[PDB]
Structures are given as structure tokens and as C-alpha cells.
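Encoded as C-alpha cells, the structure appears first; notes follow it.
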Amino acid sequence: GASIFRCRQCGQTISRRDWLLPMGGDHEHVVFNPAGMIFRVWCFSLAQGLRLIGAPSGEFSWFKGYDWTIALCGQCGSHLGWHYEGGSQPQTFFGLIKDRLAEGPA
Ligand SMILES: COc1ccc([C@H]2CCC(=O)NC2=O)cc1
Ligand SMILES: [Zn+2]
């Protein structure tokens, strides 16, 4: 019905509703970057079709204990969110910008 998440700009397969991850009790986190941009972030245990840019950085990380790398759509290059690593339980996860994805059938 609506179990697959694709890149909104090009349709690249990214994630699934089954792979949503409740972090802090909720898979949705609203955050701001240092430029004041608001993001409605959904946390996923797993994702595909991305391209992770650069090396991890902990600066300004919204999630305690985690370092982030920019995650672009591997197909069109749109900024879809961030990959997080270096933490504990889980050690890694994806934070994806909800409004840059499109939900649909398998
Ligand atoms: C270009 O400067 C920056 C620096 C950091 C950020 C994001 C990265 C992800 C995160 O967890 N927290 C942030 O604030 C956005 C833009
Ligand atoms: Zn794309």
C-alpha cells in the first residue's frame, strides 16, 4: 500500500516503513542545523540507494554519541539526510528528511 520510501526527486529506492526506528521513543525528530534550517527527520535502521559523502563528523550532531555523514540520493544527488555511526544501541542508523521522500507500494 505505502510500504516503500523513494527519493521524491527521482524515484530511487531508499527505505521502507518496516525499517523505521523509534529513537528516544519516536521515529520523528524535528531539528535545526547551524543555518537555522528546520528538518523533519525520520530515523531508519536501514536504507539503500544513498551515497555517503565524506568522513563522519560529530560537530553539531543532533544525536548524542553519534557522528554523521551526509547522505545523498545515490541516483540524483539530492540531500536526503545523514548516516549516523559511532554510537551505541544501535551503533548506526539513518536520519532521513521526511519531506524529501515519497511513500508508496512495494
Ligand atoms: C554546514 O554546516 C552544518 C553542520 C551540521 C549540520 C547537521 C548535520 C547533521 C546533524 O546531526 N546536525 C546538524 O546540525 C548541517 C549543516
Ligand atoms: Zn533522487
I53 paired with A106, simple spin-label distance in nm, labels 7 Å along Cα-to-beta-carbon:
3.3
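Of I14, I70, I97, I38, how do they rank once you tally other Cβ atoms within 10 Å and put the fewest first? If you can, show how the numbers build up before the last one.
On the way: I14 27, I70 15, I97 19, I38 9.
In increasing order of surrounding Cβ atoms, one gets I38, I70, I97, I14.
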When the Cα centres of segment 69-91 and segment 1-66 are compared, how far apart do they sit, in Å?
7
With Rh as the Kirkwood radius over Cα pairs, segment 54-106 has Rg/Rh of 1.02
How far, in nm, would the chain grow between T13 and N33 when pulled straight, counting 0.36 nm per residue and subtracting the alpha carbon separation?
4.6 nm
Under the Karplus relation with 6.51, -1.76 and 1.60 and θ = phi - 60°, whole-Hz ³J(HN,Hα) for segment 73-79, x at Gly and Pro, equal 4, x, 8, 10, x, 5, 6
Under 5 Å from the placed amide H of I4, counting only residues 5+ away or on other chains, we find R17, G104, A106
Unmatched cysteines, the chain - criterion: no other Cβ of a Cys under 4.7 angstrom
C43
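Positions of Cβ are backbone-derived with ideal geometry, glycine not excepted, and every protein chain shown enters the neighbour counts. Values quoted throughout were computed directly from the atomic coordinates according to the rules given, and no laboratory measurement underlies them.
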